[PDB]
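One file, start.txt, is given below (compact mmCIF, N, CA, C and O atoms and all ligand atoms).
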```txt
# COMPACT_ATOMS: atom_id res chain seq x y z
N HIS A 1796 16.40 43.14 -188.00
CA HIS A 1796 17.76 43.18 -188.52
C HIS A 1796 18.23 44.63 -188.67
O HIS A 1796 19.41 44.88 -188.96
N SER A 1797 17.32 45.59 -188.48
CA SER A 1797 17.72 46.99 -188.41
C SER A 1797 18.63 47.25 -187.21
O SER A 1797 19.35 48.25 -187.20
N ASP A 1798 18.59 46.38 -186.20
CA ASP A 1798 19.60 46.42 -185.15
C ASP A 1798 20.96 46.02 -185.70
O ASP A 1798 21.97 46.69 -185.44
N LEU A 1799 21.01 44.94 -186.48
CA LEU A 1799 22.27 44.36 -186.94
C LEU A 1799 22.81 45.04 -188.19
O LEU A 1799 23.92 44.70 -188.63
N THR A 1800 22.08 45.98 -188.77
CA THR A 1800 22.64 46.73 -189.89
C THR A 1800 23.73 47.68 -189.40
O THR A 1800 24.76 47.86 -190.08
N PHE A 1801 23.56 48.27 -188.22
CA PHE A 1801 24.60 49.12 -187.65
C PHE A 1801 25.76 48.31 -187.10
O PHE A 1801 26.87 48.84 -186.98
N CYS A 1802 25.54 47.04 -186.78
CA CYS A 1802 26.63 46.20 -186.28
C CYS A 1802 27.70 46.01 -187.35
O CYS A 1802 28.90 46.04 -187.05
N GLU A 1803 27.29 45.80 -188.59
CA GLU A 1803 28.26 45.67 -189.67
C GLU A 1803 29.08 46.94 -189.81
O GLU A 1803 30.30 46.89 -189.99
N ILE A 1804 28.42 48.10 -189.71
CA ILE A 1804 29.12 49.38 -189.79
C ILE A 1804 30.17 49.49 -188.69
O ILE A 1804 31.33 49.83 -188.93
N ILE A 1805 29.76 49.22 -187.45
CA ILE A 1805 30.63 49.46 -186.31
C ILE A 1805 31.75 48.41 -186.25
O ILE A 1805 32.85 48.70 -185.78
N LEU A 1806 31.49 47.20 -186.74
CA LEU A 1806 32.54 46.19 -186.75
C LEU A 1806 33.60 46.50 -187.80
O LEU A 1806 34.81 46.42 -187.51
N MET A 1807 33.19 46.88 -189.02
CA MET A 1807 34.18 47.18 -190.04
C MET A 1807 34.98 48.43 -189.69
O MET A 1807 36.15 48.54 -190.06
N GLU A 1808 34.36 49.36 -188.96
CA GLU A 1808 35.12 50.51 -188.48
C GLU A 1808 36.13 50.08 -187.43
O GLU A 1808 37.29 50.52 -187.45
N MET A 1809 35.73 49.20 -186.51
CA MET A 1809 36.69 48.69 -185.54
C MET A 1809 37.75 47.84 -186.22
O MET A 1809 38.91 47.87 -185.81
N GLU A 1810 37.38 47.10 -187.26
CA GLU A 1810 38.36 46.29 -187.98
C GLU A 1810 39.44 47.15 -188.63
O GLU A 1810 40.62 46.79 -188.60
N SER A 1811 39.05 48.29 -189.20
CA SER A 1811 39.98 49.17 -189.90
C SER A 1811 40.60 50.24 -189.01
O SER A 1811 41.40 51.05 -189.50
N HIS A 1812 40.27 50.27 -187.73
CA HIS A 1812 40.81 51.28 -186.84
C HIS A 1812 42.31 51.05 -186.63
O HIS A 1812 42.79 49.92 -186.64
N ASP A 1813 43.04 52.16 -186.45
CA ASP A 1813 44.49 52.08 -186.26
C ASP A 1813 44.86 51.21 -185.06
O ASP A 1813 45.82 50.43 -185.13
N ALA A 1814 44.14 51.35 -183.95
CA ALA A 1814 44.49 50.65 -182.71
C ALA A 1814 43.86 49.26 -182.60
O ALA A 1814 43.84 48.69 -181.50
N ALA A 1815 43.36 48.69 -183.69
CA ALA A 1815 42.70 47.40 -183.67
C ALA A 1815 43.67 46.23 -183.78
O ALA A 1815 43.24 45.08 -183.63
N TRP A 1816 44.95 46.49 -184.00
CA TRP A 1816 45.88 45.41 -184.26
C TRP A 1816 45.91 44.32 -183.18
O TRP A 1816 46.14 43.16 -183.52
N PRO A 1817 45.67 44.60 -181.89
CA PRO A 1817 45.69 43.50 -180.91
C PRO A 1817 44.48 42.58 -180.97
O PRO A 1817 44.51 41.53 -180.31
N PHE A 1818 43.43 42.92 -181.72
CA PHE A 1818 42.16 42.21 -181.61
C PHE A 1818 41.63 41.70 -182.95
O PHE A 1818 40.46 41.30 -183.02
N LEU A 1819 42.44 41.72 -184.01
CA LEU A 1819 41.95 41.29 -185.32
C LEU A 1819 41.79 39.78 -185.39
O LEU A 1819 40.83 39.28 -185.99
N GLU A 1820 42.70 39.05 -184.75
CA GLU A 1820 42.64 37.59 -184.72
C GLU A 1820 42.72 37.11 -183.27
O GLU A 1820 43.18 37.85 -182.41
N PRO A 1821 42.29 35.88 -183.00
CA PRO A 1821 42.34 35.38 -181.62
C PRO A 1821 43.77 35.32 -181.11
O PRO A 1821 44.72 35.12 -181.86
N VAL A 1822 43.91 35.53 -179.80
CA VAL A 1822 45.20 35.37 -179.16
C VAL A 1822 45.66 33.93 -179.31
O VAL A 1822 44.87 32.98 -179.22
N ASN A 1823 46.95 33.76 -179.57
CA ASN A 1823 47.56 32.45 -179.67
C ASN A 1823 48.17 32.12 -178.32
O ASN A 1823 49.22 32.68 -177.97
N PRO A 1824 47.57 31.22 -177.54
CA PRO A 1824 48.09 30.96 -176.19
C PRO A 1824 49.43 30.25 -176.19
O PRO A 1824 50.14 30.30 -175.19
N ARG A 1825 49.80 29.59 -177.29
CA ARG A 1825 51.16 29.10 -177.43
C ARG A 1825 52.17 30.24 -177.41
O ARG A 1825 53.32 30.03 -177.01
N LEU A 1826 51.76 31.44 -177.80
CA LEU A 1826 52.67 32.57 -177.93
C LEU A 1826 52.58 33.55 -176.77
O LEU A 1826 53.57 34.25 -176.50
N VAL A 1827 51.45 33.63 -176.09
CA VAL A 1827 51.27 34.55 -174.97
C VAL A 1827 51.18 33.72 -173.69
O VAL A 1827 50.20 33.00 -173.47
N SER A 1828 52.20 33.82 -172.84
CA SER A 1828 52.22 33.06 -171.59
C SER A 1828 51.05 33.45 -170.70
O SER A 1828 50.70 34.63 -170.58
N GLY A 1829 50.44 32.46 -170.07
CA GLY A 1829 49.41 32.69 -169.09
C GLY A 1829 48.02 32.94 -169.64
O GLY A 1829 47.06 32.97 -168.85
N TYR A 1830 47.86 33.10 -170.95
CA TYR A 1830 46.59 33.58 -171.47
C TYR A 1830 45.48 32.55 -171.30
O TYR A 1830 44.35 32.90 -170.96
N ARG A 1831 45.80 31.27 -171.56
CA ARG A 1831 44.84 30.19 -171.34
C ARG A 1831 44.26 30.24 -169.93
O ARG A 1831 43.04 30.21 -169.73
N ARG A 1832 45.15 30.31 -168.93
CA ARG A 1832 44.77 30.31 -167.52
C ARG A 1832 43.98 31.56 -167.14
O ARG A 1832 43.03 31.49 -166.36
N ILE A 1833 44.35 32.72 -167.70
CA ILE A 1833 43.77 34.00 -167.27
C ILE A 1833 42.38 34.21 -167.86
O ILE A 1833 41.45 34.62 -167.16
N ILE A 1834 42.21 33.98 -169.17
CA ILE A 1834 41.02 34.42 -169.89
C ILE A 1834 40.14 33.21 -170.17
O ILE A 1834 40.47 32.39 -171.03
N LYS A 1835 39.00 33.14 -169.49
CA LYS A 1835 38.11 32.00 -169.65
C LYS A 1835 37.39 32.02 -170.99
O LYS A 1835 37.23 30.97 -171.63
N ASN A 1836 36.95 33.18 -171.44
CA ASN A 1836 36.15 33.29 -172.66
C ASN A 1836 36.78 34.32 -173.58
O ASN A 1836 36.35 35.49 -173.62
N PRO A 1837 37.79 33.93 -174.35
CA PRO A 1837 38.44 34.88 -175.27
C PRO A 1837 37.51 35.30 -176.39
O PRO A 1837 36.57 34.58 -176.75
N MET A 1838 37.76 36.48 -176.93
CA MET A 1838 36.94 37.03 -178.01
C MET A 1838 37.79 37.99 -178.83
O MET A 1838 38.72 38.61 -178.31
N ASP A 1839 37.47 38.09 -180.12
CA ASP A 1839 38.22 38.94 -181.03
C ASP A 1839 37.30 39.37 -182.18
O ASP A 1839 36.17 38.89 -182.31
N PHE A 1840 37.81 40.28 -183.02
CA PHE A 1840 36.96 40.84 -184.07
C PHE A 1840 36.62 39.82 -185.15
O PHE A 1840 35.49 39.79 -185.65
N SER A 1841 37.59 38.98 -185.55
CA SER A 1841 37.32 38.03 -186.62
C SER A 1841 36.32 36.97 -186.18
O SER A 1841 35.49 36.53 -186.99
N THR A 1842 36.36 36.55 -184.91
CA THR A 1842 35.32 35.66 -184.40
C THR A 1842 33.96 36.34 -184.43
O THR A 1842 32.95 35.72 -184.77
N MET A 1843 33.91 37.63 -184.09
CA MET A 1843 32.65 38.36 -184.18
C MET A 1843 32.21 38.50 -185.63
O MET A 1843 31.01 38.45 -185.93
N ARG A 1844 33.17 38.69 -186.55
CA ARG A 1844 32.80 38.79 -187.96
C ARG A 1844 32.31 37.45 -188.48
O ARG A 1844 31.29 37.39 -189.18
N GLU A 1845 32.96 36.40 -188.07
CA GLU A 1845 32.53 35.10 -188.43
C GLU A 1845 31.11 34.97 -188.03
O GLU A 1845 30.28 34.71 -188.82
N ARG A 1846 30.83 35.14 -186.77
CA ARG A 1846 29.48 34.90 -186.25
C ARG A 1846 28.45 35.81 -186.91
O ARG A 1846 27.34 35.36 -187.22
N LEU A 1847 28.79 37.08 -187.13
CA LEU A 1847 27.81 38.00 -187.70
C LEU A 1847 27.45 37.61 -189.13
O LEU A 1847 26.28 37.73 -189.54
N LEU A 1848 28.43 37.12 -189.90
CA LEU A 1848 28.16 36.73 -191.29
C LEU A 1848 27.18 35.56 -191.36
O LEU A 1848 26.26 35.56 -192.19
N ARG A 1849 27.36 34.54 -190.51
CA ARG A 1849 26.34 33.51 -190.41
C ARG A 1849 25.09 33.99 -189.70
O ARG A 1849 24.14 33.21 -189.57
N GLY A 1850 25.06 35.22 -189.21
CA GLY A 1850 23.88 35.73 -188.54
C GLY A 1850 23.65 35.19 -187.15
O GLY A 1850 22.54 35.32 -186.62
N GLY A 1851 24.67 34.59 -186.53
CA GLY A 1851 24.54 34.03 -185.19
C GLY A 1851 24.05 35.01 -184.14
O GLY A 1851 23.51 34.59 -183.11
N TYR A 1852 24.21 36.30 -184.37
CA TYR A 1852 23.71 37.30 -183.45
C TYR A 1852 22.21 37.49 -183.68
O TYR A 1852 21.79 37.86 -184.78
N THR A 1853 21.41 37.23 -182.64
CA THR A 1853 19.97 37.37 -182.78
C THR A 1853 19.52 38.80 -182.52
O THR A 1853 18.62 39.31 -183.20
N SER A 1854 20.14 39.48 -181.55
CA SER A 1854 19.88 40.89 -181.30
C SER A 1854 21.19 41.65 -181.31
O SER A 1854 22.28 41.06 -181.26
N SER A 1855 21.09 42.97 -181.37
CA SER A 1855 22.29 43.79 -181.28
C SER A 1855 22.90 43.78 -179.89
O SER A 1855 24.08 44.12 -179.73
N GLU A 1856 22.14 43.37 -178.87
CA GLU A 1856 22.68 43.31 -177.51
C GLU A 1856 23.71 42.19 -177.38
O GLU A 1856 24.70 42.33 -176.66
N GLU A 1857 23.48 41.06 -178.05
CA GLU A 1857 24.48 40.00 -178.04
C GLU A 1857 25.77 40.44 -178.73
O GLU A 1857 26.86 40.02 -178.33
N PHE A 1858 25.66 41.28 -179.76
CA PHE A 1858 26.85 41.77 -180.46
C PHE A 1858 27.65 42.70 -179.57
O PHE A 1858 28.89 42.65 -179.56
N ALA A 1859 26.96 43.55 -178.80
CA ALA A 1859 27.64 44.45 -177.89
C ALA A 1859 28.36 43.70 -176.78
O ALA A 1859 29.45 44.11 -176.35
N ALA A 1860 27.78 42.60 -176.30
CA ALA A 1860 28.43 41.84 -175.23
C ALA A 1860 29.73 41.21 -175.71
O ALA A 1860 30.69 41.11 -174.95
N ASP A 1861 29.77 40.76 -176.97
CA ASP A 1861 31.01 40.23 -177.52
C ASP A 1861 32.06 41.33 -177.64
O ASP A 1861 33.25 41.11 -177.37
N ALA A 1862 31.63 42.54 -178.03
CA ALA A 1862 32.55 43.66 -178.09
C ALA A 1862 33.11 43.98 -176.71
O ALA A 1862 34.33 44.09 -176.53
N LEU A 1863 32.24 44.13 -175.71
CA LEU A 1863 32.70 44.42 -174.36
C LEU A 1863 33.58 43.30 -173.80
O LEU A 1863 34.41 43.54 -172.92
N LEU A 1864 33.42 42.08 -174.31
CA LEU A 1864 34.26 40.99 -173.84
C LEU A 1864 35.67 41.07 -174.40
O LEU A 1864 36.62 40.61 -173.76
N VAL A 1865 35.83 41.67 -175.59
CA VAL A 1865 37.18 41.89 -176.12
C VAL A 1865 37.96 42.81 -175.20
O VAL A 1865 39.15 42.60 -174.93
N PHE A 1866 37.30 43.85 -174.68
CA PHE A 1866 37.97 44.85 -173.87
C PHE A 1866 38.06 44.47 -172.40
O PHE A 1866 39.06 44.77 -171.75
N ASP A 1867 37.02 43.81 -171.86
CA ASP A 1867 37.16 43.22 -170.53
C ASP A 1867 38.34 42.26 -170.47
O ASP A 1867 39.16 42.32 -169.55
N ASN A 1868 38.46 41.38 -171.47
CA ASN A 1868 39.61 40.48 -171.52
C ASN A 1868 40.91 41.27 -171.59
O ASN A 1868 41.84 41.01 -170.82
N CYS A 1869 40.98 42.24 -172.50
CA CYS A 1869 42.16 43.09 -172.65
C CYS A 1869 42.58 43.70 -171.32
O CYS A 1869 43.75 43.63 -170.93
N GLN A 1870 41.62 44.31 -170.61
CA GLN A 1870 41.94 44.96 -169.35
C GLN A 1870 42.29 43.97 -168.25
O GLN A 1870 43.06 44.31 -167.34
N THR A 1871 41.75 42.75 -168.32
CA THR A 1871 42.12 41.73 -167.34
C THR A 1871 43.55 41.25 -167.55
O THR A 1871 44.30 41.09 -166.58
N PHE A 1872 43.95 41.04 -168.80
CA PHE A 1872 45.26 40.45 -169.07
C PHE A 1872 46.39 41.46 -169.15
O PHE A 1872 47.52 41.15 -168.73
N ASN A 1873 46.16 42.65 -169.70
CA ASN A 1873 47.23 43.59 -170.00
C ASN A 1873 47.20 44.79 -169.06
O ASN A 1873 46.12 45.28 -168.71
N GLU A 1874 48.38 45.24 -168.65
CA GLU A 1874 48.49 46.49 -167.91
C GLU A 1874 47.92 47.65 -168.73
O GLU A 1874 47.93 47.63 -169.97
N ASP A 1875 47.43 48.67 -168.03
CA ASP A 1875 46.87 49.83 -168.72
C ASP A 1875 47.92 50.59 -169.50
O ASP A 1875 47.61 51.20 -170.53
N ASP A 1876 49.18 50.58 -169.04
CA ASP A 1876 50.24 51.26 -169.76
C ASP A 1876 50.99 50.35 -170.71
O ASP A 1876 52.01 50.76 -171.27
N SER A 1877 50.51 49.12 -170.91
CA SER A 1877 51.10 48.25 -171.92
C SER A 1877 50.68 48.70 -173.32
O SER A 1877 49.70 49.44 -173.49
N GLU A 1878 51.42 48.23 -174.32
CA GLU A 1878 51.06 48.54 -175.71
C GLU A 1878 49.68 48.01 -176.05
O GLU A 1878 48.84 48.74 -176.60
N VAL A 1879 49.42 46.74 -175.72
CA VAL A 1879 48.11 46.14 -175.98
C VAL A 1879 47.03 46.84 -175.16
O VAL A 1879 45.94 47.14 -175.67
N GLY A 1880 47.32 47.09 -173.88
CA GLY A 1880 46.35 47.75 -173.03
C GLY A 1880 45.98 49.13 -173.54
O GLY A 1880 44.79 49.47 -173.64
N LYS A 1881 46.99 49.95 -173.86
CA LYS A 1881 46.73 51.28 -174.41
C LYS A 1881 45.85 51.20 -175.65
O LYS A 1881 44.93 52.01 -175.82
N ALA A 1882 46.12 50.24 -176.53
CA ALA A 1882 45.28 50.08 -177.71
C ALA A 1882 43.86 49.68 -177.32
O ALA A 1882 42.89 50.19 -177.90
N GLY A 1883 43.73 48.79 -176.33
CA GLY A 1883 42.40 48.36 -175.91
C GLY A 1883 41.53 49.52 -175.45
O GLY A 1883 40.33 49.56 -175.73
N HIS A 1884 42.13 50.48 -174.74
CA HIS A 1884 41.33 51.60 -174.25
C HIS A 1884 40.85 52.49 -175.39
O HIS A 1884 39.70 52.95 -175.38
N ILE A 1885 41.70 52.72 -176.39
CA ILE A 1885 41.26 53.46 -177.57
C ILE A 1885 40.13 52.72 -178.26
O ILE A 1885 39.11 53.31 -178.64
N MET A 1886 40.28 51.41 -178.43
CA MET A 1886 39.23 50.64 -179.10
C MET A 1886 37.95 50.61 -178.27
O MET A 1886 36.84 50.71 -178.82
N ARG A 1887 38.08 50.48 -176.95
CA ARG A 1887 36.90 50.44 -176.09
C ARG A 1887 36.16 51.77 -176.13
O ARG A 1887 34.94 51.80 -176.34
N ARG A 1888 36.87 52.88 -175.95
CA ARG A 1888 36.24 54.19 -176.07
C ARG A 1888 35.59 54.39 -177.43
O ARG A 1888 34.46 54.88 -177.52
N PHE A 1889 36.30 54.02 -178.51
CA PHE A 1889 35.71 54.14 -179.84
C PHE A 1889 34.43 53.34 -179.96
O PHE A 1889 33.47 53.79 -180.59
N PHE A 1890 34.39 52.14 -179.38
CA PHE A 1890 33.18 51.34 -179.49
C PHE A 1890 32.04 51.95 -178.70
O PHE A 1890 30.89 51.95 -179.17
N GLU A 1891 32.31 52.44 -177.49
CA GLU A 1891 31.25 53.05 -176.69
C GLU A 1891 30.75 54.33 -177.33
O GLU A 1891 29.54 54.57 -177.41
N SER A 1892 31.68 55.18 -177.80
CA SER A 1892 31.29 56.41 -178.47
C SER A 1892 30.41 56.14 -179.68
O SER A 1892 29.38 56.79 -179.87
N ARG A 1893 30.82 55.17 -180.49
CA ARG A 1893 30.09 54.80 -181.70
C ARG A 1893 28.75 54.11 -181.42
O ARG A 1893 27.78 54.33 -182.13
N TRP A 1894 28.72 53.28 -180.39
CA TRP A 1894 27.49 52.56 -180.06
C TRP A 1894 26.44 53.51 -179.49
O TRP A 1894 25.24 53.37 -179.78
N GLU A 1895 26.87 54.49 -178.70
CA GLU A 1895 25.95 55.45 -178.11
C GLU A 1895 25.34 56.39 -179.14
O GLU A 1895 24.43 57.15 -178.80
N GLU A 1896 25.80 56.35 -180.39
CA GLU A 1896 25.27 57.22 -181.43
C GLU A 1896 24.06 56.62 -182.13
O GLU A 1896 23.15 57.36 -182.53
N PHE A 1897 24.02 55.30 -182.30
CA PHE A 1897 22.83 54.68 -182.87
C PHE A 1897 21.74 54.45 -181.82
O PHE A 1897 20.56 54.34 -182.18
N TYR A 1898 22.10 54.41 -180.54
CA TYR A 1898 21.14 54.10 -179.50
C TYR A 1898 21.19 55.12 -178.37
O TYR A 1898 20.55 56.17 -178.45
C1 LIG B 1901 44.07 40.78 -177.08
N1 LIG B 1901 45.53 40.62 -176.75
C2 LIG B 1901 46.55 40.73 -177.85
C3 LIG B 1901 48.04 40.57 -177.54
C4 LIG B 1901 49.04 40.71 -178.72
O1 LIG B 1901 48.62 40.78 -179.81
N2 LIG B 1901 50.50 40.75 -178.49
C5 LIG B 1901 51.43 40.90 -179.64
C6 LIG B 1901 51.34 39.80 -180.73
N3 LIG B 1901 50.36 40.25 -181.75
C7 LIG B 1901 52.73 39.69 -181.41
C8 LIG B 1901 53.84 39.12 -180.50
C9 LIG B 1901 53.34 38.15 -179.40
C10 LIG B 1901 52.03 37.46 -179.80
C11 LIG B 1901 50.88 38.47 -180.12
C12 LIG B 1901 48.51 40.30 -176.14
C13 LIG B 1901 47.50 40.19 -175.04
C14 LIG B 1901 45.98 40.35 -175.37
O2 LIG B 1901 45.18 40.26 -174.52
```

Any chance you could give the structure as structure tokens?
Amino acid sequence: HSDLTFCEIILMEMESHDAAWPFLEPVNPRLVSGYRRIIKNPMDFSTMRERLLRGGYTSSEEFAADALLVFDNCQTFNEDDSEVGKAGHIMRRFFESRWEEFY
């Protein structure tokens, strides 16, 4: 669980980050056209928080894959110069920068 002790740190930092607003809650496909069709496996921070609190993550590698899935989805659905896309890149860089510090 010394792997998952840093996960709580990095998730709450991503939760409180300025550019996290597109990823705090799951996308509502009733509100975003095409999202159901485009994104097969949606992911967001609150779903990751949910899962981490019940301890569903067995290793820190599973936690990183959920993080990378938030940004892979973001880059698949949103243009790089979109508001959501621009935020996704800041969040993605922040996650990689922060993850590379514990490992
Ligand atoms: C992860 N992600 C988030 C969004 C997003 O949040 N757009 C703004 C919104 N919060 C307010 C007005 C429309 C509904 C949602 C869009 C595409 C995406 O891939």

Quiz item: Between A:1841, A:1828, A:1892, A:1797, which is the closest to ligand LIG 1901 (chain B) once you count all atoms listed in the file?
Solution: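 Ranking A:1841, A:1828, A:1892, A:1797 by distance to ligand LIG 1901 (chain B), first place goes to A:1828.
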
With only N, CA, C and O atoms and all ligand atoms counted and 5 Å as the cut-off, give the residues of chain A in contact with ligand LIG 1901 (chain B), each with its shortest interatomic distance in Å and the pair that gives it, as a tab-separated table.
```
residue	atom	partner	partner_atom	distance
A:1817	O	B:LIG1901	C2	3.3
A:1826	O	B:LIG1901	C10	4.9
A:1869	CA	B:LIG1901	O2	4.5
```

Self-check item: Which residue of A:1810, A:1861, A:1875, A:1856 approaches residue 1838 of chain A most closely, using all atoms listed in the file
Solution: A:1861

Practice problem: Once DSSP has gone over the backbone, tell me which residues of segment 1801-1886 of chain A are in helix (DSSP H, G or I), as a PyMOL selection string. | Solution: chain A and resi 1801-1811+1813-1818+1830-1833+1840-1848+1855-1872+1878-1886

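Using only N, CA, C and O atoms, the smallest distance between any of A:1865, A:1886, A:1829, A:1891 and residue 1812 of chain A comes from A:1886.
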
Practice problem: Please measure the separation of atom CA of residue 1823 of chain A and atom CA of residue 1852 of chain A, giving the value in Å to one decimal. | Solution: 24.6 Å

Self-check item: Point-to-point distance in Å for atom O of residue 1859 of chain A and atom N of residue 1827 of chain A
Solution: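 Between these atoms lies a distance of 24.4 Å.
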
Quiz item: With only C-alpha atoms as the basis for distance, which of A:1803, A:1889, A:1898, A:1815 is at the shortest distance from residue 1846 of chain A?
Solution: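 Selected residue with least distance to residue 1846 of chain A: A:1803.
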
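Atom pair atom CA of residue 1857 of chain A / atom CA of residue 1831 of chain A has a distance of 23.6 Å (rounded to one decimal).
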
Exercise. Quick one: everything within 8 Å of residue 1854 of chain A, counting all atoms listed in the file, minus sequence neighbours fewer than 6 positions away in the same chain. Send it as a list in words.
Key: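 Here the answer would be residues 1796, 1798, 1799 and 1860 of chain A.
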
Self-check item: Nearest to residue 1806 of chain A, chosen from A:1840, A:1830, A:1870, A:1820, with only C-alpha atoms counted in the distances
Solution: A:1840

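Using only N, CA, C and O atoms, the shortest contact distance between residue 1842 of chain A and any of A:1871, A:1877, A:1801, A:1821 is found at A:1821.
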